[PDB]
$ cat structure_5.cif   # mmCIF, C-alpha atoms
data_input
#
loop_
_atom_site.label_atom_id
_atom_site.label_comp_id
_atom_site.auth_asym_id
_atom_site.auth_seq_id
_atom_site.Cartn_x
_atom_site.Cartn_y
_atom_site.Cartn_z
CA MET B 1 -18.08 -8.37 13.18
CA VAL B 2 -15.66 -6.06 11.30
CA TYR B 3 -17.40 -2.85 10.34
CA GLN B 4 -16.47 -1.04 7.14
CA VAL B 5 -15.72 2.66 7.67
CA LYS B 6 -17.53 4.78 5.06
CA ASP B 7 -15.76 8.19 5.35
CA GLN B 8 -13.94 10.53 7.81
CA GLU B 9 -16.95 11.45 9.98
CA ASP B 10 -18.07 7.77 9.97
CA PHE B 11 -14.65 6.82 11.35
CA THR B 12 -15.16 9.41 14.12
CA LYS B 13 -18.62 8.12 14.84
CA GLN B 14 -17.23 4.61 15.28
CA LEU B 15 -14.25 5.73 17.39
CA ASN B 16 -16.93 7.23 19.77
CA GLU B 17 -19.32 4.33 19.95
CA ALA B 18 -16.28 2.32 21.04
CA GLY B 19 -16.37 4.21 24.37
CA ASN B 20 -13.38 2.99 26.31
CA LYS B 21 -12.75 -0.18 24.23
CA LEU B 22 -9.61 -0.90 22.20
CA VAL B 23 -10.31 -0.24 18.49
CA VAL B 24 -8.32 -2.27 15.89
CA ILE B 25 -8.54 -0.74 12.36
CA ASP B 26 -7.39 -2.75 9.28
CA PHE B 27 -6.32 -0.54 6.38
CA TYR B 28 -6.58 -2.74 3.32
CA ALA B 29 -7.14 -2.91 -0.40
CA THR B 30 -9.18 -5.37 -2.42
CA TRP B 31 -6.15 -5.85 -4.79
CA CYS B 32 -3.88 -6.90 -1.99
CA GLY B 33 -3.14 -10.57 -1.37
CA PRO B 34 -1.94 -10.45 2.28
CA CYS B 35 -5.05 -8.37 3.10
CA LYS B 36 -7.44 -11.00 1.73
CA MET B 37 -5.51 -13.74 3.56
CA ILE B 38 -5.84 -12.17 7.00
CA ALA B 39 -9.33 -10.71 6.66
CA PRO B 40 -11.16 -13.90 7.67
CA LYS B 41 -8.98 -14.27 10.83
CA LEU B 42 -9.83 -10.73 11.85
CA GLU B 43 -13.52 -11.51 11.31
CA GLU B 44 -13.25 -14.68 13.51
CA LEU B 45 -11.47 -12.63 16.20
CA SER B 46 -14.14 -9.87 16.12
CA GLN B 47 -16.96 -12.36 16.66
CA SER B 48 -15.40 -13.58 19.85
CA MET B 49 -13.97 -10.36 21.32
CA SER B 50 -16.93 -8.25 22.15
CA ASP B 51 -14.83 -5.82 24.30
CA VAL B 52 -12.74 -4.77 21.26
CA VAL B 53 -14.14 -2.85 18.28
CA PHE B 54 -12.86 -3.99 14.91
CA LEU B 55 -13.08 -1.69 11.90
CA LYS B 56 -11.72 -1.77 8.32
CA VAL B 57 -10.90 1.00 5.86
CA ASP B 58 -10.60 0.29 2.14
CA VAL B 59 -7.73 2.66 1.14
CA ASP B 60 -9.11 2.99 -2.43
CA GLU B 61 -12.53 4.12 -1.16
CA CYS B 62 -11.15 6.26 1.69
CA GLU B 63 -7.91 7.77 0.32
CA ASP B 64 -8.20 10.69 2.69
CA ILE B 65 -8.34 8.48 5.76
CA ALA B 66 -5.34 6.53 4.39
CA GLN B 67 -3.34 9.69 3.97
CA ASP B 68 -4.34 10.90 7.51
CA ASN B 69 -2.84 7.74 8.99
CA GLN B 70 0.34 7.62 6.99
CA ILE B 71 -0.41 4.22 5.53
CA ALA B 72 2.18 2.79 3.23
CA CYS B 73 1.91 -1.07 3.45
CA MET B 74 -1.01 -3.26 3.64
CA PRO B 75 -2.64 -4.52 5.62
CA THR B 76 -1.75 -2.00 8.33
CA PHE B 77 -3.45 -2.46 11.70
CA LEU B 78 -3.84 0.69 13.80
CA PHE B 79 -4.60 0.28 17.56
CA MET B 80 -6.60 3.09 19.14
CA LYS B 81 -8.39 3.86 22.38
CA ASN B 82 -10.54 6.93 23.25
CA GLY B 83 -9.81 8.40 19.83
CA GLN B 84 -6.06 8.18 20.40
CA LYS B 85 -3.30 6.10 18.80
CA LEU B 86 -1.62 3.25 20.79
CA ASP B 87 0.36 1.22 18.36
CA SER B 88 0.45 0.07 14.70
CA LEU B 89 1.44 -3.06 12.88
CA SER B 90 2.40 -3.35 9.20
CA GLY B 91 1.72 -6.62 7.46
CA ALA B 92 -0.36 -9.75 8.05
CA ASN B 93 1.43 -11.31 11.05
CA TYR B 94 -1.40 -12.80 13.01
CA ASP B 95 0.70 -13.64 16.09
CA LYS B 96 1.89 -10.03 16.35
CA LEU B 97 -1.77 -8.82 15.93
CA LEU B 98 -2.79 -11.10 18.81
CA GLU B 99 0.09 -9.81 20.96
CA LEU B 100 -0.84 -6.23 20.32
CA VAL B 101 -4.49 -6.79 21.12
CA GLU B 102 -3.44 -8.59 24.33
CA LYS B 103 -1.14 -5.66 25.25
CA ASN B 104 -3.75 -2.97 24.55
CA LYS B 105 -7.21 -4.29 25.29
CA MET Z 1 9.66 12.71 -17.12
CA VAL Z 2 8.01 9.69 -15.52
CA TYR Z 3 5.18 8.38 -17.70
CA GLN Z 4 1.95 7.31 -15.99
CA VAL Z 5 0.70 3.92 -17.26
CA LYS Z 6 -2.98 4.31 -18.08
CA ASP Z 7 -4.15 0.67 -18.25
CA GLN Z 8 -2.94 -2.85 -19.00
CA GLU Z 9 -2.74 -2.28 -22.77
CA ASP Z 10 -0.73 0.85 -22.13
CA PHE Z 11 1.67 -1.04 -19.91
CA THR Z 12 2.39 -3.38 -22.84
CA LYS Z 13 2.79 -0.41 -25.20
CA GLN Z 14 5.35 1.19 -22.96
CA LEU Z 15 7.25 -2.03 -22.38
CA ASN Z 16 7.49 -2.35 -26.12
CA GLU Z 17 8.45 1.35 -26.55
CA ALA Z 18 11.36 0.83 -24.15
CA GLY Z 19 13.10 -1.55 -26.57
CA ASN Z 20 16.09 -3.14 -24.88
CA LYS Z 21 16.26 -0.53 -22.02
CA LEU Z 22 15.76 -1.39 -18.35
CA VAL Z 23 12.30 -0.26 -17.24
CA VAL Z 24 11.65 0.83 -13.63
CA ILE Z 25 7.98 1.02 -12.70
CA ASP Z 26 6.96 2.81 -9.47
CA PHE Z 27 3.68 1.46 -8.05
CA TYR Z 28 2.46 4.29 -5.91
CA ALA Z 29 -0.59 6.01 -4.42
CA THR Z 30 -1.41 9.71 -4.12
CA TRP Z 31 -2.16 9.27 -0.38
CA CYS Z 32 1.10 7.66 0.40
CA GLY Z 33 3.70 9.86 2.04
CA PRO Z 34 6.91 7.89 1.18
CA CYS Z 35 5.78 7.91 -2.47
CA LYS Z 36 5.45 11.66 -2.55
CA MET Z 37 8.93 11.95 -0.85
CA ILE Z 38 10.65 9.92 -3.55
CA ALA Z 39 8.76 11.03 -6.63
CA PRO Z 40 10.91 14.10 -7.32
CA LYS Z 41 14.06 11.84 -7.10
CA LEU Z 42 12.55 9.58 -9.72
CA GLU Z 43 11.77 12.56 -11.98
CA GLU Z 44 15.40 13.57 -11.61
CA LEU Z 45 16.70 10.11 -12.52
CA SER Z 46 14.29 9.95 -15.48
CA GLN Z 47 15.58 13.34 -16.83
CA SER Z 48 19.19 12.21 -16.07
CA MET Z 49 19.42 8.70 -17.51
CA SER Z 50 18.91 7.96 -21.15
CA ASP Z 51 19.37 4.20 -20.95
CA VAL Z 52 16.58 3.54 -18.49
CA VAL Z 53 12.87 4.17 -18.81
CA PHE Z 54 10.88 5.21 -15.76
CA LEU Z 55 7.14 4.53 -15.49
CA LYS Z 56 4.59 4.88 -12.76
CA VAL Z 57 1.34 3.11 -11.91
CA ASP Z 58 -1.24 4.64 -9.57
CA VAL Z 59 -2.60 1.63 -7.69
CA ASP Z 60 -5.98 3.23 -7.10
CA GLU Z 61 -6.42 3.97 -10.81
CA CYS Z 62 -4.99 0.61 -12.03
CA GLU Z 63 -6.08 -1.82 -9.28
CA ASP Z 64 -5.81 -4.68 -11.75
CA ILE Z 65 -2.19 -4.01 -12.50
CA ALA Z 66 -1.49 -3.71 -8.79
CA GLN Z 67 -3.19 -7.06 -8.16
CA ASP Z 68 -1.33 -8.78 -10.99
CA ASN Z 69 1.87 -7.56 -9.55
CA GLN Z 70 1.22 -8.59 -6.00
CA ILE Z 71 1.69 -5.11 -4.72
CA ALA Z 72 1.37 -4.65 -0.94
CA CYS Z 73 3.66 -1.76 0.11
CA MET Z 74 4.35 1.46 -1.45
CA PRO Z 75 6.13 2.58 -3.30
CA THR Z 76 7.18 -0.69 -4.88
CA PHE Z 77 9.64 -0.64 -7.82
CA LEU Z 78 9.58 -3.37 -10.41
CA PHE Z 79 12.61 -3.81 -12.70
CA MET Z 80 11.87 -5.19 -16.18
CA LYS Z 81 13.96 -5.63 -19.35
CA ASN Z 82 12.78 -7.14 -22.69
CA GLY Z 83 9.49 -7.98 -20.97
CA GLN Z 84 11.14 -9.99 -18.18
CA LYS Z 85 10.98 -9.31 -14.41
CA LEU Z 86 14.48 -8.93 -13.06
CA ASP Z 87 14.03 -7.61 -9.53
CA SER Z 88 11.67 -5.73 -7.21
CA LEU Z 89 12.12 -3.38 -4.27
CA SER Z 90 9.51 -2.56 -1.58
CA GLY Z 91 9.78 0.90 -0.06
CA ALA Z 92 11.42 4.21 -0.80
CA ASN Z 93 15.06 3.04 -0.41
CA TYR Z 94 16.72 5.29 -2.89
CA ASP Z 95 20.18 3.72 -2.53
CA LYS Z 96 18.89 0.21 -3.18
CA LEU Z 97 16.92 1.53 -6.15
CA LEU Z 98 20.02 3.07 -7.68
CA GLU Z 99 22.01 -0.10 -6.99
CA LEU Z 100 19.38 -2.23 -8.81
CA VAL Z 101 19.31 0.31 -11.69
CA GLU Z 102 23.13 0.14 -12.03
CA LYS Z 103 23.11 -3.68 -11.76
CA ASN Z 104 20.39 -4.25 -14.35
CA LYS Z 105 20.66 -1.49 -17.02
#
$ encode --input "structure_5.cif" --output "structure tokens"
Amino acid sequence: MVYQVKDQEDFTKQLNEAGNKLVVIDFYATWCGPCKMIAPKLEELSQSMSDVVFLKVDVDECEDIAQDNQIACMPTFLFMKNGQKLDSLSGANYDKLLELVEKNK
Amino acid sequence: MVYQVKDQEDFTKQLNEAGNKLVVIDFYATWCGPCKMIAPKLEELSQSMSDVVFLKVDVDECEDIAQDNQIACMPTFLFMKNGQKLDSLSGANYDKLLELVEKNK
């Protein structure tokens, strides 16, 4: 599953429940074509990879979280572990997403 | 001064108000750092140039307009003249912007 982050403290709650697991966060908008195209692939990946936590942040609903992470393109995938940033990817390139999750998991 | 488009009808009103002038529309968000960096440069070009009209669209306030224009990064600049799309530029590349303004005005 891909869990939808509700607000700043909810994002922190999720980053903790992840324990030591890689967390992949998709920053998206509902008006954005490339975001809608890749969303189902992220959902398929999340059902299989139970040792990675997948989250999503709607930038219109969570403008403060978007500003905290310096988002400018969408989708942007942020890679985190233990509350700390590992890597980011801008755009819907599913092979680069898979490479980054392989690298970081 | 850069005018903020309020809604789809207002976009048509301003396209009509521009007459035969090139129109540059900055699709931006208030949480987006590169947009904030370039906004004062746009205000300076808007006060400087009398043969170009500068508009802005807040993607979180006009999500419909952003969808219809296939926005995915920000800022994105659309270049229009007599209702026609001439060019677009993704990102806060001020030199490219000025080059597309000089080419199309």
$ atom_distance --input "structure_5.cif" --atom1 "atom CA of residue 75 of chain Z" --atom2 "atom CA of residue 29 of chain Z"
7.6 Å
$ calpha_fit_and_write --input "structure_5.cif" --fixed "chain Z" --moving "chain B" --output "CSV table (one decimal) with C-alpha atoms, in the coordinates of the input"
chain,number,residue,atom,x,y,z
B,1,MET,CA,10.5,12.0,-17.5
B,2,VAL,CA,8.3,9.5,-15.6
B,3,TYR,CA,5.4,8.4,-17.7
B,4,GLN,CA,2.1,7.5,-16.1
B,5,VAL,CA,0.7,4.2,-17.2
B,6,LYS,CA,-3.0,4.5,-18.1
B,7,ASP,CA,-4.2,0.8,-18.2
B,8,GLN,CA,-3.0,-2.8,-18.9
B,9,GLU,CA,-2.5,-2.4,-22.7
B,10,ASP,CA,-0.8,1.0,-22.1
B,11,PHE,CA,1.6,-0.8,-19.8
B,12,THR,CA,2.3,-3.3,-22.6
B,13,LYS,CA,2.8,-0.5,-25.1
B,14,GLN,CA,5.4,1.1,-22.9
B,15,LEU,CA,7.2,-2.1,-22.1
B,16,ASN,CA,7.6,-2.5,-26.0
B,17,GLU,CA,8.7,1.0,-26.8
B,18,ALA,CA,11.5,0.4,-24.2
B,19,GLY,CA,13.1,-2.0,-26.7
B,20,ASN,CA,16.1,-3.5,-24.8
B,21,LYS,CA,16.3,-0.8,-22.1
B,22,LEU,CA,15.8,-1.4,-18.4
B,23,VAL,CA,12.3,-0.3,-17.3
B,24,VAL,CA,11.8,0.9,-13.7
B,25,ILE,CA,8.1,1.0,-12.7
B,26,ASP,CA,7.0,2.8,-9.5
B,27,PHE,CA,3.7,1.5,-8.0
B,28,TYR,CA,2.4,4.3,-5.8
B,29,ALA,CA,-0.7,5.9,-4.4
B,30,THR,CA,-1.5,9.6,-4.0
B,31,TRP,CA,-2.3,9.0,-0.3
B,32,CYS,CA,1.0,7.5,0.5
B,33,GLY,CA,3.7,9.6,2.2
B,34,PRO,CA,6.9,7.7,1.3
B,35,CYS,CA,5.6,7.7,-2.4
B,36,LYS,CA,5.4,11.5,-2.5
B,37,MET,CA,8.8,11.8,-0.9
B,38,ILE,CA,10.6,9.7,-3.5
B,39,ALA,CA,8.7,10.7,-6.6
B,40,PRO,CA,10.8,13.9,-7.3
B,41,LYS,CA,14.1,11.8,-7.0
B,42,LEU,CA,12.8,9.4,-9.5
B,43,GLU,CA,11.8,12.3,-11.8
B,44,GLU,CA,15.4,13.8,-11.5
B,45,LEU,CA,16.9,10.3,-12.3
B,46,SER,CA,14.6,9.9,-15.3
B,47,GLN,CA,15.7,13.2,-16.8
B,48,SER,CA,19.3,12.2,-16.8
B,49,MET,CA,19.1,8.4,-17.6
B,50,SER,CA,17.9,8.3,-21.2
B,51,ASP,CA,18.8,4.6,-21.5
B,52,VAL,CA,16.4,3.6,-18.8
B,53,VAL,CA,12.6,3.9,-19.1
B,54,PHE,CA,10.8,5.1,-16.0
B,55,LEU,CA,7.1,4.5,-15.6
B,56,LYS,CA,4.6,4.9,-12.7
B,57,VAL,CA,1.3,3.2,-11.9
B,58,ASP,CA,-1.2,4.7,-9.5
B,59,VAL,CA,-2.6,1.6,-7.7
B,60,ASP,CA,-6.0,3.3,-7.1
B,61,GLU,CA,-6.4,4.1,-10.9
B,62,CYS,CA,-4.9,0.7,-12.1
B,63,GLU,CA,-6.1,-1.8,-9.4
B,64,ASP,CA,-5.8,-4.6,-12.0
B,65,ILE,CA,-2.2,-3.9,-12.8
B,66,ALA,CA,-1.5,-3.7,-9.0
B,67,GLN,CA,-3.0,-7.1,-8.5
B,68,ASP,CA,-1.1,-8.6,-11.5
B,69,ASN,CA,2.2,-7.6,-9.8
B,70,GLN,CA,1.4,-8.7,-6.3
B,71,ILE,CA,1.9,-5.2,-4.9
B,72,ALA,CA,1.5,-4.9,-1.2
B,73,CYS,CA,3.7,-2.0,0.0
B,74,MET,CA,4.3,1.3,-1.5
B,75,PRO,CA,6.2,2.6,-3.3
B,76,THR,CA,7.2,-0.7,-4.9
B,77,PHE,CA,9.7,-0.5,-7.7
B,78,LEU,CA,9.6,-3.3,-10.3
B,79,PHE,CA,12.7,-3.7,-12.6
B,80,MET,CA,11.9,-5.2,-16.0
B,81,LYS,CA,13.7,-5.8,-19.3
B,82,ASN,CA,12.2,-7.1,-22.6
B,83,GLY,CA,8.8,-7.5,-20.9
B,84,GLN,CA,10.3,-9.7,-18.2
B,85,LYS,CA,10.8,-9.2,-14.5
B,86,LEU,CA,14.4,-8.7,-13.1
B,87,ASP,CA,14.0,-7.6,-9.5
B,88,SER,CA,11.7,-5.6,-7.2
B,89,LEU,CA,12.2,-3.2,-4.3
B,90,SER,CA,9.7,-2.4,-1.6
B,91,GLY,CA,9.9,1.0,0.0
B,92,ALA,CA,11.5,4.4,-0.7
B,93,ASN,CA,15.2,3.5,-0.2
B,94,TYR,CA,16.9,5.6,-2.8
B,95,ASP,CA,20.3,4.0,-2.4
B,96,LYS,CA,18.9,0.6,-3.0
B,97,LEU,CA,17.0,1.9,-6.1
B,98,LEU,CA,20.3,3.3,-7.4
B,99,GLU,CA,22.0,0.0,-6.8
B,100,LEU,CA,19.4,-2.0,-8.6
B,101,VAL,CA,19.4,0.3,-11.6
B,102,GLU,CA,23.2,0.0,-11.7
B,103,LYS,CA,22.9,-3.8,-11.5
B,104,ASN,CA,20.3,-4.1,-14.2
B,105,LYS,CA,20.7,-1.3,-16.7
$ residues_around --input "structure_5.cif" --residues "residue 14 of chain Z" --least-positions-apart "2" --cutoff "10 Å" --atoms "all atoms listed in the file" --output "ChimeraX atom specification"
/Z:3-5,9-12,16-19,23,53-55
$ residues_around --input "structure_5.cif" --residues "residue 51 of chain Z" --least-positions-apart "3" --cutoff "9 Å" --atoms "all atoms listed in the file" --output "ChimeraX atom specification"
/Z:20-22,105
$ interface_residues --input "structure_5.cif" --of "chain Z" --to "chain B" --cutoff "10 Å" --atoms "all atoms listed in the file" --output "NGL selection string"
:Z and (28-35 or 59-76 or 90-91)
$ atom_distance --input "structure_5.cif" --atom1 "atom CA of residue 27 of chain Z" --atom2 "atom CA of residue 78 of chain Z"
8.0 Å
$ atom_distance --input "structure_5.cif" --atom1 "atom CA of residue 83 of chain B" --atom2 "atom CA of residue 92 of chain Z"
29.9 Å
$ resolve_selection --input "structure_5.cif" --expression "the PyMOL selection byres ((chain Z and resi 42) around 10)" --output "PyMOL selection string"
chain Z and resi 1-2+24+26+37-41+43-48+54-56+94+97
$ decode --input "structure_5.cif" --residues "chain B" --atoms "C-alpha atoms" --output "PDB file, in the first residue's frame"
ATOM      1  CA  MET B   1       0.000   0.000   0.000  1.00  0.00           C
ATOM      2  CA  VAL B   2       0.917   3.696  -0.456  1.00  0.00           C
ATOM      3  CA  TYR B   3      -0.172   5.691   2.557  1.00  0.00           C
ATOM      4  CA  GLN B   4      -1.310   9.283   2.177  1.00  0.00           C
ATOM      5  CA  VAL B   5       0.451  11.680   4.566  1.00  0.00           C
ATOM      6  CA  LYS B   6      -2.078  13.983   6.258  1.00  0.00           C
ATOM      7  CA  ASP B   7       0.146  16.754   7.747  1.00  0.00           C
ATOM      8  CA  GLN B   8       3.643  17.468   9.198  1.00  0.00           C
ATOM      9  CA  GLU B   9       3.299  15.459  12.426  1.00  0.00           C
ATOM     10  CA  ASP B  10       1.642  12.594  10.450  1.00  0.00           C
ATOM     11  CA  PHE B  11       4.709  12.498   8.201  1.00  0.00           C
ATOM     12  CA  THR B  12       6.884  12.224  11.341  1.00  0.00           C
ATOM     13  CA  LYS B  13       4.700   9.503  12.748  1.00  0.00           C
ATOM     14  CA  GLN B  14       5.116   7.500   9.545  1.00  0.00           C
ATOM     15  CA  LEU B  15       8.881   8.115   9.298  1.00  0.00           C
ATOM     16  CA  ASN B  16       9.040   6.485  12.816  1.00  0.00           C
ATOM     17  CA  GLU B  17       6.834   3.495  12.240  1.00  0.00           C
ATOM     18  CA  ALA B  18       9.183   2.731   9.345  1.00  0.00           C
ATOM     19  CA  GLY B  19      11.864   1.816  11.924  1.00  0.00           C
ATOM     20  CA  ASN B  20      14.964   1.014   9.932  1.00  0.00           C
ATOM     21  CA  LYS B  21      13.212   0.518   6.553  1.00  0.00           C
ATOM     22  CA  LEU B  22      13.792   2.631   3.431  1.00  0.00           C
ATOM     23  CA  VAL B  23      10.917   5.130   3.022  1.00  0.00           C
ATOM     24  CA  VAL B  24      10.008   6.272  -0.541  1.00  0.00           C
ATOM     25  CA  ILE B  25       7.785   9.419  -0.549  1.00  0.00           C
ATOM     26  CA  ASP B  26       5.977  10.532  -3.765  1.00  0.00           C
ATOM     27  CA  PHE B  27       5.249  14.262  -3.834  1.00  0.00           C
ATOM     28  CA  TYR B  28       2.435  14.661  -6.331  1.00  0.00           C
ATOM     29  CA  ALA B  29      -0.539  16.681  -7.424  1.00  0.00           C
ATOM     30  CA  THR B  30      -3.916  15.519  -8.665  1.00  0.00           C
ATOM     31  CA  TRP B  31      -3.586  17.949 -11.666  1.00  0.00           C
ATOM     32  CA  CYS B  32      -0.351  16.419 -12.801  1.00  0.00           C
ATOM     33  CA  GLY B  33      -0.296  13.928 -15.666  1.00  0.00           C
ATOM     34  CA  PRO B  34       3.067  12.178 -15.026  1.00  0.00           C
ATOM     35  CA  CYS B  35       1.996  11.737 -11.372  1.00  0.00           C
ATOM     36  CA  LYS B  36      -1.208   9.916 -12.303  1.00  0.00           C
ATOM     37  CA  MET B  37       0.716   7.750 -14.787  1.00  0.00           C
ATOM     38  CA  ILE B  38       3.230   6.455 -12.259  1.00  0.00           C
ATOM     39  CA  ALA B  39       0.949   6.194  -9.231  1.00  0.00           C
ATOM     40  CA  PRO B  40      -0.365   2.721 -10.061  1.00  0.00           C
ATOM     41  CA  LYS B  41       3.216   1.360 -10.528  1.00  0.00           C
ATOM     42  CA  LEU B  42       4.177   2.676  -7.122  1.00  0.00           C
ATOM     43  CA  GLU B  43       1.087   1.000  -5.651  1.00  0.00           C
ATOM     44  CA  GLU B  44       2.033  -2.364  -7.323  1.00  0.00           C
ATOM     45  CA  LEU B  45       5.597  -2.002  -5.972  1.00  0.00           C
ATOM     46  CA  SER B  46       4.364  -1.243  -2.417  1.00  0.00           C
ATOM     47  CA  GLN B  47       2.212  -4.372  -2.314  1.00  0.00           C
ATOM     48  CA  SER B  48       5.188  -6.556  -3.009  1.00  0.00           C
ATOM     49  CA  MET B  49       7.947  -4.792  -1.043  1.00  0.00           C
ATOM     50  CA  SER B  50       6.984  -5.156   2.536  1.00  0.00           C
ATOM     51  CA  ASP B  51      10.484  -4.069   3.778  1.00  0.00           C
ATOM     52  CA  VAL B  52      10.075  -0.592   2.208  1.00  0.00           C
ATOM     53  CA  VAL B  53       7.527   1.982   3.384  1.00  0.00           C
ATOM     54  CA  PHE B  54       5.811   3.906   0.612  1.00  0.00           C
ATOM     55  CA  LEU B  55       4.138   7.231   1.337  1.00  0.00           C
ATOM     56  CA  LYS B  56       2.586  10.005  -0.787  1.00  0.00           C
ATOM     57  CA  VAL B  57       2.115  13.718  -0.161  1.00  0.00           C
ATOM     58  CA  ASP B  58      -0.400  15.740  -2.156  1.00  0.00           C
ATOM     59  CA  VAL B  59       1.443  19.106  -2.530  1.00  0.00           C
ATOM     60  CA  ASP B  60      -1.889  21.025  -2.717  1.00  0.00           C
ATOM     61  CA  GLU B  61      -3.085  19.555   0.597  1.00  0.00           C
ATOM     62  CA  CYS B  62       0.324  19.706   2.303  1.00  0.00           C
ATOM     63  CA  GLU B  63       1.969  22.891   0.957  1.00  0.00           C
ATOM     64  CA  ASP B  64       4.095  23.179   4.063  1.00  0.00           C
ATOM     65  CA  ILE B  65       5.587  19.727   3.633  1.00  0.00           C
ATOM     66  CA  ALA B  66       6.230  20.554  -0.049  1.00  0.00           C
ATOM     67  CA  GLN B  67       8.076  23.710   0.871  1.00  0.00           C
ATOM     68  CA  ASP B  68      10.109  21.843   3.582  1.00  0.00           C
ATOM     69  CA  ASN B  69      11.403  19.450   0.932  1.00  0.00           C
ATOM     70  CA  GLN B  70      12.177  21.951  -1.771  1.00  0.00           C
ATOM     71  CA  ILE B  71       9.845  20.341  -4.274  1.00  0.00           C
ATOM     72  CA  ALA B  72       9.698  21.924  -7.662  1.00  0.00           C
ATOM     73  CA  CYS B  73       8.749  19.153 -10.189  1.00  0.00           C
ATOM     74  CA  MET B  74       6.355  16.407  -9.945  1.00  0.00           C
ATOM     75  CA  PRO B  75       6.298  13.647  -9.171  1.00  0.00           C
ATOM     76  CA  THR B  76       9.371  13.942  -6.945  1.00  0.00           C
ATOM     77  CA  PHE B  77      10.420  10.806  -5.072  1.00  0.00           C
ATOM     78  CA  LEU B  78      12.343  11.375  -1.842  1.00  0.00           C
ATOM     79  CA  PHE B  79      14.319   8.402  -0.361  1.00  0.00           C
ATOM     80  CA  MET B  80      14.703   8.415   3.415  1.00  0.00           C
ATOM     81  CA  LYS B  81      15.885   6.124   6.176  1.00  0.00           C
ATOM     82  CA  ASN B  82      15.738   6.700   9.976  1.00  0.00           C
ATOM     83  CA  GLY B  83      14.239  10.131   9.395  1.00  0.00           C
ATOM     84  CA  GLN B  84      17.151  11.169   7.180  1.00  0.00           C
ATOM     85  CA  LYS B  85      17.446  11.959   3.469  1.00  0.00           C
ATOM     86  CA  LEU B  86      19.284   9.517   1.115  1.00  0.00           C
ATOM     87  CA  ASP B  87      18.489  10.541  -2.385  1.00  0.00           C
ATOM     88  CA  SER B  88      15.752  12.153  -4.553  1.00  0.00           C
ATOM     89  CA  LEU B  89      14.441  11.669  -8.037  1.00  0.00           C
ATOM     90  CA  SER B  90      12.494  14.211 -10.106  1.00  0.00           C
ATOM     91  CA  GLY B  91      10.053  12.896 -12.662  1.00  0.00           C
ATOM     92  CA  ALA B  92       8.287   9.622 -13.446  1.00  0.00           C
ATOM     93  CA  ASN B  93      11.212   7.429 -14.591  1.00  0.00           C
ATOM     94  CA  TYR B  94      10.255   4.048 -13.270  1.00  0.00           C
ATOM     95  CA  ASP B  95      13.616   2.404 -14.056  1.00  0.00           C
ATOM     96  CA  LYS B  96      15.471   5.086 -12.090  1.00  0.00           C
ATOM     97  CA  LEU B  97      12.965   4.650  -9.167  1.00  0.00           C
ATOM     98  CA  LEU B  98      13.701   0.909  -9.179  1.00  0.00           C
ATOM     99  CA  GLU B  99      17.463   1.564  -9.238  1.00  0.00           C
ATOM    100  CA  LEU B 100      17.239   3.935  -6.329  1.00  0.00           C
ATOM    101  CA  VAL B 101      15.151   1.561  -4.257  1.00  0.00           C
ATOM    102  CA  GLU B 102      17.654  -1.221  -5.052  1.00  0.00           C
ATOM    103  CA  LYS B 103      20.555   1.048  -4.014  1.00  0.00           C
ATOM    104  CA  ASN B 104      18.931   2.181  -0.757  1.00  0.00           C
ATOM    105  CA  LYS B 105      16.755  -0.572   0.637  1.00  0.00           C
TER     106      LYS B 105
END
